[PDB]
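Novice: This is upload_3.cif, which holds mmCIF, C-alpha atoms:
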```cif
data_my_file
#
loop_
_atom_site.label_atom_id
_atom_site.label_comp_id
_atom_site.auth_asym_id
_atom_site.auth_seq_id
_atom_site.Cartn_x
_atom_site.Cartn_y
_atom_site.Cartn_z
CA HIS A 39 -28.81 12.43 1.02
CA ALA A 40 -29.55 10.07 3.93
CA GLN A 41 -31.60 7.08 2.77
CA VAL A 42 -30.40 5.06 -0.26
CA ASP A 43 -32.65 6.15 -3.19
CA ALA A 44 -33.16 4.34 -6.50
CA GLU A 45 -30.43 6.29 -8.29
CA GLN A 46 -27.92 5.41 -5.56
CA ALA A 47 -28.99 1.76 -5.66
CA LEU A 48 -28.63 1.78 -9.45
CA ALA A 49 -25.21 3.32 -9.14
CA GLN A 50 -24.21 0.60 -6.70
CA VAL A 51 -25.47 -2.08 -9.04
CA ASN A 52 -23.58 -0.52 -11.97
CA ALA A 53 -20.41 -0.31 -9.88
CA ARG A 54 -20.75 -4.04 -9.13
CA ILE A 55 -21.31 -4.77 -12.82
CA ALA A 56 -18.09 -2.92 -13.73
CA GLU A 57 -16.21 -4.69 -10.93
CA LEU A 58 -17.48 -8.10 -12.15
CA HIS A 59 -16.54 -7.30 -15.77
CA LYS A 60 -12.90 -6.74 -14.76
CA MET A 61 -12.68 -10.26 -13.38
CA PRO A 62 -11.11 -12.73 -15.85
CA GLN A 63 -13.86 -15.25 -15.02
CA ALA A 64 -16.40 -12.77 -16.40
CA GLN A 65 -14.75 -12.72 -19.81
CA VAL A 66 -14.46 -16.46 -20.48
CA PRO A 67 -17.13 -18.12 -22.67
CA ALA A 68 -20.07 -19.70 -20.82
CA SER A 69 -18.66 -23.13 -21.61
CA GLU A 70 -15.47 -22.29 -19.71
CA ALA A 71 -17.27 -20.93 -16.66
CA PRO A 72 -17.32 -24.35 -14.92
CA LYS A 73 -13.55 -24.52 -15.37
CA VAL A 74 -12.50 -21.21 -13.73
CA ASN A 75 -12.81 -20.27 -10.01
CA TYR A 76 -16.30 -19.15 -9.00
CA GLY A 77 -16.86 -18.97 -12.72
CA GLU A 78 -20.54 -19.88 -12.50
CA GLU A 79 -21.00 -17.76 -9.35
CA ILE A 80 -19.53 -14.76 -11.22
CA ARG A 81 -21.92 -15.32 -14.16
CA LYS A 82 -24.86 -15.60 -11.78
CA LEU A 83 -23.78 -12.40 -10.03
CA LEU A 84 -23.75 -10.62 -13.39
CA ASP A 85 -27.19 -11.98 -14.28
CA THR A 86 -28.58 -10.96 -10.90
CA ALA A 87 -26.91 -7.54 -11.27
CA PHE A 88 -28.47 -7.06 -14.74
CA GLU A 89 -31.80 -8.11 -13.34
CA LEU A 90 -31.51 -5.62 -10.52
CA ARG A 91 -30.39 -2.85 -12.85
CA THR A 92 -33.41 -3.41 -15.06
CA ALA A 93 -35.90 -3.36 -12.17
CA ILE A 94 -34.31 -0.26 -10.67
CA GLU A 95 -34.36 1.80 -13.88
CA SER A 96 -37.87 0.45 -14.36
CA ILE A 97 -38.58 2.08 -11.01
CA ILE A 98 -36.76 5.33 -11.88
CA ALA A 99 -38.86 5.51 -15.09
CA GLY A 100 -42.04 5.28 -12.96
CA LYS A 101 -43.45 1.83 -13.87
CA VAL A 102 -44.64 -0.77 -11.37
CA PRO A 103 -41.76 -2.26 -9.31
CA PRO A 104 -41.27 -6.03 -9.87
CA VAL A 105 -40.34 -6.06 -6.14
CA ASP A 106 -41.26 -4.09 -2.97
CA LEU A 107 -39.47 -0.72 -3.37
CA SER A 108 -38.51 -0.69 0.31
CA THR A 109 -36.45 -3.90 -0.19
CA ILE A 110 -34.39 -2.47 -3.06
CA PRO A 111 -31.43 -1.23 -0.92
CA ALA A 112 -31.32 -4.57 0.86
CA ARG A 113 -31.30 -6.43 -2.49
CA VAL A 114 -28.44 -4.41 -3.82
CA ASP A 115 -26.62 -4.76 -0.51
CA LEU A 116 -27.00 -8.54 -0.66
CA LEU A 117 -25.56 -8.39 -4.20
CA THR A 118 -22.71 -6.18 -3.05
CA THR A 119 -22.00 -8.54 -0.19
CA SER A 120 -22.01 -11.52 -2.60
CA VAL A 121 -19.64 -9.81 -5.02
CA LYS A 122 -17.19 -8.79 -2.25
CA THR A 123 -17.34 -12.21 -0.59
CA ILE A 124 -16.58 -13.86 -4.00
CA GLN A 125 -13.71 -11.39 -4.45
CA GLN A 126 -12.39 -12.16 -0.96
CA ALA A 127 -12.60 -15.93 -1.46
CA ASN A 128 -10.76 -15.49 -4.76
CA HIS A 129 -7.78 -13.99 -2.93
CA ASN A 130 -7.81 -15.60 0.50
CA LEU A 131 -9.21 -19.14 0.16
CA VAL A 132 -6.65 -20.33 -2.40
CA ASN A 133 -5.25 -23.27 -0.47
CA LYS A 134 -8.49 -24.46 1.18
CA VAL A 135 -9.92 -27.95 0.69
CA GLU A 136 -12.70 -28.26 -1.86
CA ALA A 137 -15.50 -28.21 0.72
CA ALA A 138 -14.74 -24.55 1.51
CA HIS A 139 -15.43 -23.32 -2.04
CA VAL A 140 -18.40 -25.68 -2.52
CA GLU A 141 -20.06 -24.46 0.69
CA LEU A 142 -19.37 -20.80 0.00
CA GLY A 143 -20.55 -21.13 -3.61
CA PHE A 144 -23.83 -22.73 -2.53
CA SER A 145 -24.41 -19.96 0.01
CA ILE A 146 -23.75 -17.31 -2.68
CA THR A 147 -26.13 -19.17 -4.95
CA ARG A 148 -28.96 -19.19 -2.42
CA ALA A 149 -28.42 -15.45 -1.77
CA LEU A 150 -28.66 -14.49 -5.43
CA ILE A 151 -31.98 -16.25 -5.82
CA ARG A 152 -33.21 -14.37 -2.71
CA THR A 153 -31.79 -11.14 -4.17
CA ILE A 154 -34.14 -11.16 -7.17
CA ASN A 155 -37.02 -13.25 -5.78
CA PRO A 156 -39.99 -10.80 -5.74
CA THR A 157 -41.26 -12.60 -2.63
CA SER A 158 -38.04 -12.12 -0.60
CA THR A 159 -38.87 -10.17 2.57
CA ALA A 160 -36.50 -7.85 4.44
CA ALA A 161 -35.97 -10.56 7.06
CA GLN A 162 -35.22 -13.16 4.39
CA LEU A 163 -32.76 -10.80 2.69
CA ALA A 164 -30.94 -10.19 5.98
CA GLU A 165 -30.93 -13.95 6.68
CA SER A 166 -29.26 -14.43 3.28
CA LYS A 167 -26.74 -11.70 3.90
CA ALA A 168 -25.81 -13.16 7.27
CA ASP A 169 -25.54 -16.66 5.79
CA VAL A 170 -23.13 -15.42 3.11
CA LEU A 171 -20.85 -13.58 5.54
CA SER A 172 -21.05 -16.27 8.19
CA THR A 173 -20.44 -19.10 5.68
CA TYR A 174 -17.34 -17.22 4.54
CA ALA A 175 -16.03 -16.90 8.11
CA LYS A 176 -16.64 -20.62 8.71
CA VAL A 177 -14.97 -21.90 5.50
CA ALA A 178 -11.99 -19.54 5.98
CA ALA A 179 -11.16 -21.63 9.07
CA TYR A 180 -11.19 -24.89 7.07
CA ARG A 181 -7.97 -26.86 6.63
CA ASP A 182 -5.45 -25.86 3.98
CA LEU A 183 -4.07 -28.19 1.34
CA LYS A 184 -0.53 -29.46 1.74
CA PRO A 185 1.83 -28.42 -1.12
CA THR A 186 2.36 -32.13 -1.69
CA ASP A 187 -1.35 -32.98 -2.25
CA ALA A 188 -2.77 -33.68 -5.69
CA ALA A 189 -4.27 -30.52 -7.17
CA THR A 190 -8.02 -30.42 -6.68
CA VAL A 191 -10.71 -29.01 -8.96
CA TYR A 192 -10.58 -25.59 -7.30
CA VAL A 193 -6.81 -25.56 -7.62
CA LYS A 194 -6.82 -26.72 -11.25
CA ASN A 195 -9.52 -24.10 -11.88
CA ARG A 196 -7.23 -21.51 -10.31
CA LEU A 197 -4.52 -22.25 -12.90
CA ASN A 198 -7.07 -22.11 -15.72
CA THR A 199 -8.26 -18.74 -14.43
CA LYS A 200 -4.67 -17.47 -14.52
CA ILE A 201 -4.20 -19.01 -17.97
CA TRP A 202 -7.35 -17.21 -19.12
CA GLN A 203 -6.34 -13.96 -17.45
CA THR A 204 -2.96 -14.10 -19.20
CA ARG A 205 -4.62 -14.78 -22.56
CA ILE A 206 -6.83 -11.70 -22.15
CA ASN A 207 -3.96 -9.51 -20.98
CA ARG A 208 -1.85 -10.92 -23.84
CA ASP A 209 -4.54 -9.93 -26.32
CA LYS A 210 -4.63 -6.40 -24.86
CA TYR A 211 -0.95 -5.51 -24.45
CA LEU A 212 1.65 -7.84 -25.96
CA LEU A 213 -0.36 -8.30 -29.14
CA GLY A 214 0.16 -5.94 -32.08
CA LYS A 215 3.22 -4.43 -30.34
CA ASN A 216 5.68 -6.46 -28.26
CA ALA A 217 5.87 -9.18 -30.92
CA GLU A 218 8.52 -11.17 -29.01
CA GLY A 219 6.78 -10.79 -25.65
CA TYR A 220 3.70 -12.36 -27.26
CA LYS A 221 5.89 -15.37 -28.10
CA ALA A 222 7.36 -15.60 -24.58
CA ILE A 223 3.96 -15.56 -22.87
CA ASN A 224 2.56 -18.03 -25.45
CA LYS A 225 5.38 -20.39 -24.49
CA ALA A 226 4.46 -19.85 -20.83
CA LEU A 227 0.77 -20.36 -21.64
CA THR A 228 1.61 -23.57 -23.55
CA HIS A 229 3.54 -24.84 -20.54
CA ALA A 230 0.79 -23.78 -18.14
CA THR A 231 -1.80 -25.63 -20.22
CA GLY A 232 0.35 -28.75 -19.89
CA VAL A 233 0.42 -28.56 -16.11
CA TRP A 234 -3.34 -27.97 -16.28
CA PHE A 235 -3.99 -31.13 -18.34
CA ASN A 236 -1.61 -33.39 -16.40
CA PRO A 237 -3.75 -35.31 -13.83
CA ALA A 238 -0.77 -35.78 -11.47
CA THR A 239 -0.15 -32.04 -10.99
CA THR A 240 0.23 -31.29 -7.26
CA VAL A 241 -1.07 -28.27 -5.34
CA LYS A 242 2.47 -26.84 -5.13
CA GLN A 243 2.87 -27.38 -8.87
CA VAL A 244 -0.22 -25.20 -9.54
CA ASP A 245 0.95 -22.50 -7.10
CA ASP A 246 4.30 -22.34 -8.97
CA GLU A 247 2.69 -22.39 -12.45
CA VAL A 248 0.52 -19.46 -11.40
CA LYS A 249 3.62 -17.64 -10.11
CA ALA A 250 5.28 -18.55 -13.41
CA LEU A 251 2.47 -17.04 -15.52
CA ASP A 252 2.32 -13.55 -13.98
CA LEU A 253 6.11 -13.35 -13.68
CA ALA A 254 6.28 -14.01 -17.43
CA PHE A 255 3.51 -11.55 -18.30
CA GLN A 256 5.36 -8.85 -16.34
CA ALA A 257 8.68 -9.94 -17.89
CA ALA A 258 7.12 -9.69 -21.36
CA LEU A 259 5.76 -6.26 -20.42
CA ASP A 260 9.10 -5.15 -18.93
CA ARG A 261 10.84 -5.69 -22.28
CA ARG A 262 8.39 -3.21 -23.89
#
```
In C-alpha coordinates, how does this file's structure come out?
Specialist:
Amino acid sequence: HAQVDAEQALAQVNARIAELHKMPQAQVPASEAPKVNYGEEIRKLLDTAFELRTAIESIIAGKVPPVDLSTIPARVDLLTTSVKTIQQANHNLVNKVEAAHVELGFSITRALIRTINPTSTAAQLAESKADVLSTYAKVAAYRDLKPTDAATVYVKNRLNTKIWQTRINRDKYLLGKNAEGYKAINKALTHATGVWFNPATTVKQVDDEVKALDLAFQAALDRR
(Lines of atoms letter the chains of each structure in order from A and count residues from 1; the text may use other names and numbers.)
(Lines give C-alpha, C1' and ligand atoms only; values in the text may rest on other atoms or scores of the structure.)
Protein backbone atom coordinates (compact mmCIF):
# COMPACT_ATOMS: atom_id res chain seq x y z
CA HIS A 1 0.00 0.00 0.00
CA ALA A 2 1.01 3.68 -0.05
CA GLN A 3 -1.36 5.76 2.07
CA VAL A 4 -2.11 4.67 5.67
CA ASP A 5 -5.61 3.07 5.57
CA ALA A 6 -7.92 2.39 8.51
CA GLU A 7 -6.65 -1.17 9.02
CA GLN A 8 -3.05 0.06 9.17
CA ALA A 9 -4.02 2.83 11.59
CA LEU A 10 -5.87 0.28 13.73
CA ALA A 11 -2.86 -1.97 13.68
CA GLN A 12 -0.69 0.91 14.81
CA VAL A 13 -3.07 1.72 17.62
CA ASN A 14 -3.15 -1.94 18.71
CA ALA A 15 0.65 -2.11 18.62
CA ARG A 16 0.75 0.94 20.92
CA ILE A 17 -1.80 -0.67 23.24
CA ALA A 18 0.36 -3.81 23.52
CA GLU A 19 3.48 -1.69 24.07
CA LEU A 20 1.70 0.31 26.83
CA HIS A 21 0.44 -2.89 28.51
CA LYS A 22 4.02 -4.16 28.91
CA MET A 23 4.95 -1.09 30.93
CA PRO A 24 4.82 -1.70 34.71
CA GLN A 25 2.99 1.62 35.14
CA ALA A 26 0.15 0.23 33.05
CA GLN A 27 -0.42 -2.65 35.45
CA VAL A 28 -0.60 -0.76 38.75
CA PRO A 29 -4.05 0.08 40.18
CA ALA A 30 -5.44 3.52 39.29
CA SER A 31 -4.77 4.66 42.84
CA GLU A 32 -1.05 3.95 42.39
CA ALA A 33 -0.80 5.75 39.05
CA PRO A 34 0.11 9.09 40.70
CA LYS A 35 2.96 7.33 42.48
CA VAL A 36 4.79 5.75 39.49
CA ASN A 37 6.65 7.61 36.67
CA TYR A 38 4.35 8.99 33.97
CA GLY A 39 1.78 6.77 35.61
CA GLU A 40 -1.13 9.07 34.81
CA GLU A 41 0.29 9.85 31.35
CA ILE A 42 0.47 6.10 30.62
CA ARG A 43 -3.17 5.63 31.72
CA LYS A 44 -4.25 8.55 29.55
CA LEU A 45 -2.34 7.11 26.61
CA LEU A 46 -4.19 3.82 27.06
CA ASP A 47 -7.55 5.60 27.28
CA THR A 48 -6.77 7.66 24.18
CA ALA A 49 -5.57 4.49 22.41
CA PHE A 50 -8.81 2.65 23.31
CA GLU A 51 -10.79 5.63 22.11
CA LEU A 52 -8.92 5.65 18.82
CA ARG A 53 -9.29 1.91 18.39
CA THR A 54 -13.04 2.16 18.86
CA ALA A 55 -13.46 4.99 16.35
CA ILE A 56 -11.27 3.25 13.80
CA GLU A 57 -13.11 -0.09 13.93
CA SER A 58 -16.29 1.97 13.90
CA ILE A 59 -14.96 3.32 10.60
CA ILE A 60 -13.91 -0.12 9.28
CA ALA A 61 -17.46 -1.37 10.07
CA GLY A 62 -18.89 1.47 7.92
CA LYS A 63 -20.59 3.74 10.50
CA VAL A 64 -20.18 7.51 10.68
CA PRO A 65 -16.66 8.56 11.80
CA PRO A 66 -16.61 10.46 15.13
CA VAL A 67 -13.73 12.44 13.52
CA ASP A 68 -12.68 13.53 9.99
CA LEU A 69 -11.40 10.33 8.31
CA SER A 70 -8.53 12.21 6.70
CA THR A 71 -7.15 13.12 10.16
CA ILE A 72 -7.05 9.51 11.38
CA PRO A 73 -3.39 8.79 10.41
CA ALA A 74 -2.32 12.05 12.03
CA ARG A 75 -4.22 11.14 15.23
CA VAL A 76 -2.59 7.78 15.48
CA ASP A 77 0.78 9.32 14.67
CA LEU A 78 0.34 11.84 17.47
CA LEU A 79 -0.47 8.91 19.78
CA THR A 80 2.56 6.99 18.56
CA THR A 81 4.73 10.03 19.09
CA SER A 82 3.34 10.47 22.64
CA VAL A 83 3.93 6.81 23.52
CA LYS A 84 7.54 6.86 22.18
CA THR A 85 8.31 10.19 23.84
CA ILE A 86 6.99 8.81 27.19
CA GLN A 87 9.13 5.70 26.63
CA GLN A 88 12.19 7.84 25.85
CA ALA A 89 11.69 10.07 28.89
CA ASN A 90 11.35 6.93 31.02
CA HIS A 91 14.86 5.84 30.01
CA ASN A 92 16.76 9.06 29.40
CA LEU A 93 15.37 11.75 31.74
CA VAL A 94 16.03 9.83 34.97
CA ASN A 95 18.24 12.37 36.68
CA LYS A 96 16.50 15.56 35.50
CA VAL A 97 15.00 18.13 37.86
CA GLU A 98 11.27 17.90 38.42
CA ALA A 99 10.42 20.68 35.95
CA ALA A 100 11.52 18.47 33.04
CA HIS A 101 8.96 15.72 33.75
CA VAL A 102 6.22 18.22 34.68
CA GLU A 103 6.67 20.14 31.42
CA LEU A 104 6.89 17.03 29.27
CA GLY A 105 3.87 15.47 31.01
CA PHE A 106 1.76 18.59 30.42
CA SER A 107 2.75 18.62 26.74
CA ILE A 108 1.80 14.92 26.41
CA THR A 109 -1.47 15.71 28.14
CA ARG A 110 -2.37 18.52 25.75
CA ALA A 111 -1.53 16.26 22.77
CA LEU A 112 -3.78 13.43 23.91
CA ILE A 113 -6.76 15.74 24.20
CA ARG A 114 -6.00 16.99 20.65
CA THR A 115 -5.62 13.37 19.51
CA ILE A 116 -9.25 12.49 20.26
CA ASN A 117 -10.87 15.94 20.01
CA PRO A 118 -13.27 15.63 17.03
CA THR A 119 -12.57 19.30 16.26
CA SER A 120 -8.77 18.90 16.01
CA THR A 121 -7.64 19.97 12.53
CA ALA A 122 -4.61 18.63 10.66
CA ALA A 123 -2.71 21.82 11.52
CA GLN A 124 -3.63 21.52 15.19
CA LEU A 125 -2.54 17.87 15.24
CA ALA A 126 0.83 18.77 13.70
CA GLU A 127 1.19 21.66 16.18
CA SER A 128 0.64 19.13 18.98
CA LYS A 129 3.10 16.66 17.53
CA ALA A 130 5.76 19.35 17.19
CA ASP A 131 5.12 20.58 20.73
CA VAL A 132 5.59 17.07 22.13
CA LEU A 133 8.87 16.44 20.28
CA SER A 134 10.17 19.94 20.84
CA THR A 135 9.23 19.95 24.54
CA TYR A 136 11.16 16.69 24.90
CA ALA A 137 14.27 18.17 23.24
CA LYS A 138 14.07 21.24 25.51
CA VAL A 139 13.62 19.35 28.82
CA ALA A 140 16.37 16.85 27.89
CA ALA A 141 18.78 19.80 28.13
CA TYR A 142 17.59 20.68 31.66
CA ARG A 143 19.98 20.33 34.60
CA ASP A 144 20.57 16.94 36.20
CA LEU A 145 20.19 16.21 39.89
CA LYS A 146 23.33 15.80 41.97
CA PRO A 147 23.67 12.32 43.59
CA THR A 148 23.75 14.16 46.91
CA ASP A 149 20.37 15.93 46.46
CA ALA A 150 17.23 14.82 48.29
CA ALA A 151 15.20 12.47 46.12
CA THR A 152 12.38 14.30 44.38
CA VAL A 153 8.88 13.08 43.52
CA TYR A 154 9.96 11.84 40.09
CA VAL A 155 12.89 10.02 41.66
CA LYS A 156 10.82 8.50 44.47
CA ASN A 157 8.27 7.53 41.81
CA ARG A 158 11.07 5.87 39.86
CA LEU A 159 11.83 3.58 42.82
CA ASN A 160 8.13 2.79 43.27
CA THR A 161 7.91 1.91 39.58
CA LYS A 162 10.84 -0.50 40.00
CA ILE A 163 9.26 -1.86 43.19
CA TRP A 164 6.03 -2.42 41.26
CA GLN A 165 7.84 -3.92 38.28
CA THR A 166 9.64 -6.36 40.59
CA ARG A 167 6.36 -7.33 42.27
CA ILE A 168 4.80 -8.14 38.89
CA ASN A 169 7.85 -10.05 37.68
CA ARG A 170 7.96 -11.82 41.07
CA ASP A 171 4.35 -12.90 40.64
CA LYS A 172 5.13 -14.24 37.14
CA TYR A 173 8.41 -16.12 37.64
CA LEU A 174 9.68 -16.65 41.18
CA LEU A 175 6.22 -17.50 42.47
CA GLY A 176 5.01 -21.10 42.45
CA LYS A 177 8.54 -22.29 41.52
CA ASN A 178 11.72 -20.70 42.87
CA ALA A 179 10.34 -20.67 46.42
CA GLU A 180 13.59 -19.30 47.91
CA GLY A 181 14.05 -16.70 45.18
CA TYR A 182 10.59 -15.39 46.06
CA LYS A 183 11.90 -14.87 49.62
CA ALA A 184 15.09 -13.14 48.47
CA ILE A 185 13.26 -10.65 46.25
CA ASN A 186 10.62 -10.07 48.97
CA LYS A 187 13.46 -9.12 51.31
CA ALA A 188 14.78 -6.78 48.60
CA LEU A 189 11.27 -5.39 48.03
CA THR A 190 10.86 -4.86 51.80
CA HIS A 191 14.14 -2.95 51.88
CA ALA A 192 13.23 -0.96 48.76
CA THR A 193 9.90 0.03 50.31
CA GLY A 194 11.84 1.36 53.30
CA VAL A 195 14.03 3.58 51.17
CA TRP A 196 10.84 4.68 49.40
CA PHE A 197 9.10 5.72 52.65
CA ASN A 198 12.14 7.41 54.23
CA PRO A 199 11.81 11.18 53.50
CA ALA A 200 15.60 11.71 53.71
CA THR A 201 16.42 9.31 50.86
CA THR A 202 18.85 11.01 48.44
CA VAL A 203 18.90 10.80 44.64
CA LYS A 204 21.94 8.50 44.77
CA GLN A 205 20.15 6.33 47.32
CA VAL A 206 17.25 5.79 44.87
CA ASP A 207 19.62 5.07 41.96
CA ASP A 208 21.33 2.37 44.10
CA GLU A 209 18.03 0.90 45.39
CA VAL A 210 16.86 0.57 41.79
CA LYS A 211 20.16 -1.12 40.89
CA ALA A 212 19.67 -3.31 43.96
CA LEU A 213 16.17 -4.43 42.89
CA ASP A 214 16.95 -5.67 39.37
CA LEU A 215 20.25 -7.22 40.47
CA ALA A 216 18.26 -9.22 43.04
CA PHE A 217 15.51 -10.20 40.59
CA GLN A 218 18.16 -11.51 38.20
CA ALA A 219 20.02 -13.18 41.09
CA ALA A 220 16.78 -14.86 42.18
CA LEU A 221 16.22 -15.93 38.57
CA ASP A 222 19.83 -17.13 38.18
CA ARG A 223 19.36 -19.62 41.03
CA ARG A 224 16.46 -21.22 39.09
Novice: Any chance you could work out the residue set of the PyMOL selection byres ((chain A and resi 223) around 9) here, as a PDB file with C-alpha atoms, keeping the file's coordinate frame?
Specialist:
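Writing done, so here's out.pdb:
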```pdb
ATOM      1  CA  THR A 204      -2.960 -14.100 -19.200  1.00  0.00           C
ATOM      2  CA  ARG A 205      -4.620 -14.780 -22.560  1.00  0.00           C
ATOM      3  CA  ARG A 208      -1.850 -10.920 -23.840  1.00  0.00           C
ATOM      4  CA  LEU A 212       1.650  -7.840 -25.960  1.00  0.00           C
ATOM      5  CA  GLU A 218       8.520 -11.170 -29.010  1.00  0.00           C
ATOM      6  CA  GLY A 219       6.780 -10.790 -25.650  1.00  0.00           C
ATOM      7  CA  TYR A 220       3.700 -12.360 -27.260  1.00  0.00           C
ATOM      8  CA  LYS A 221       5.890 -15.370 -28.100  1.00  0.00           C
ATOM      9  CA  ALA A 222       7.360 -15.600 -24.580  1.00  0.00           C
ATOM     10  CA  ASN A 224       2.560 -18.030 -25.450  1.00  0.00           C
ATOM     11  CA  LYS A 225       5.380 -20.390 -24.490  1.00  0.00           C
ATOM     12  CA  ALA A 226       4.460 -19.850 -20.830  1.00  0.00           C
ATOM     13  CA  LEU A 227       0.770 -20.360 -21.640  1.00  0.00           C
ATOM     14  CA  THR A 228       1.610 -23.570 -23.550  1.00  0.00           C
ATOM     15  CA  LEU A 251       2.470 -17.040 -15.520  1.00  0.00           C
ATOM     16  CA  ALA A 254       6.280 -14.010 -17.430  1.00  0.00           C
ATOM     17  CA  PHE A 255       3.510 -11.550 -18.300  1.00  0.00           C
ATOM     18  CA  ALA A 257       8.680  -9.940 -17.890  1.00  0.00           C
ATOM     19  CA  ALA A 258       7.120  -9.690 -21.360  1.00  0.00           C
TER      20      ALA A 258
END
```
Novice: Please enumerate the residues selected by the PyMOL selection byres ((chain A and resi 42) around 12) when evaluated against the supplied file, formatted as an NGL selection string.
Specialist: :A and (39-41 or 43-50 or 107-115)
Novice: Could you check how far CA of residue 76 (chain A) sits from CA of residue 240 (chain A), in Å to one decimal?
Specialist: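 Calculated distance between CA of residue 76 (chain A) and CA of residue 240 (chain A) is 20.6 Å.
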Novice: What would the selection look like, as a ChimeraX atom specification, if the PyMOL selection byres ((chain A and resi 181-192) around 10) were run on the coordinates I just shared?
Specialist: /A:73-76,131-140,177-180,193-198,234,237-245
Novice: Separation of CA of residue 167 (chain A) and CA of residue 116 (chain A), in Å?
Specialist: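 Result for CA of residue 167 (chain A) versus CA of residue 116 (chain A): 5.6 Å, one decimal.
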Novice: Of the candidates A:120, A:162, A:173, A:128, which one gets nearest to residue 150 (chain A) if we count all atoms listed in the file?
Specialist: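 Among the listed residues, the smallest separation from residue 150 (chain A) belongs to A:120.
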Novice: CA of residue 62 (chain A) to CA of residue 168 (chain A): how many Å, to one decimal?
Specialist: 27.4 Å
Novice: Please define a box with edges along x, y and z of the file around all atoms of region 200-207 of chain A given in the file, extend it by 6 Å on each side, and return its centre and edge lengths in Å to one decimal, as JSON.
Specialist:
```
{"center_x": -5.2, "center_y": -14.3, "center_z": -18.5, "size_x": 16.4, "size_y": 21.5, "size_z": 20.0}
```
Novice: What's the 10 Å shell around residue 64 (chain A), counting all atoms listed in the file, without same-chain residues fewer than 3 positions away, as a ChimeraX atom specification?
Specialist: /A:57-61,67-68,71,74,76-81,83-84
Novice: Which of these, A:146, A:99, A:105, A:151, has the shortest distance to residue 123 (chain A) once you count only C-alpha atoms?
Specialist: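 Smallest separation from residue 123 (chain A) among the options: A:146.
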Novice: Just checking: using all atoms listed in the file, which residue out of A:121, A:129, A:206, A:199 ends up closest to residue 171 (chain A)?
Specialist: A:121
Novice: A:203, A:166, A:52, A:63: which is nearest residue 145 (chain A), counting all atoms listed in the file?
Specialist: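 The answer is A:166, which sits nearest to residue 145 (chain A).
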Novice: Restricting the calculation to all atoms listed in the file: of A:148, A:229, A:261, A:91, which residue gets closest to residue 103 (chain A)?
Specialist: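 So, comparing all the options, the nearest one is A:91.
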